[PDB]
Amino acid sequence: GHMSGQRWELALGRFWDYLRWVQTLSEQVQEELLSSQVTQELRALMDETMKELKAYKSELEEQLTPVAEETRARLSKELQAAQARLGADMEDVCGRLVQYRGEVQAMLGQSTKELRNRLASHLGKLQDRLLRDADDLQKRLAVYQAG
């Protein structure tokens, strides 16, 4: 909820805004989930978010003068843990939609009514994990810049 207005927080928003369109499961989504256009574009947004985040952490790892270099070792790892957590959440969303592309054609197709219901709940859980871990990453960034 509290963004610092960086390039990564927003490529993240471009990823999250795309997932909201997928969760509507409209005809265009039902059509585009059969193909790989969604997963290709979601992978692009995931990679774009992680490269901007990587460049942001690099700029932050060279800030105010230290006294003895490190109180950052513990803080830099907890920040790296949150960075890897965010990327793992975005991989889980892509991996789930890849399974759905095959599940909609498993044994030449399955019941899409129950199939879209299980996917919608699973996407909602992944979305809630992505939103919370994005806020935790912001907390780890603030702690890192502070001490």
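Just count from 1 along the sequence shown to find any residue number.
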Per the entry, higher mean C-alpha B factor between 1-9 and 138-146: 1-9
If you average the CA temperature factors as listed in the entry, which stretch comes out higher, 107-115 or 45-53? 107-115
Reading the B-factor column of the entry, which of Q83, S121, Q40, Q30 has the highest value at its C-alpha atom? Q30
Residue of maximum C-alpha B factor among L79, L97, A88, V67, per deposited coordinates: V67
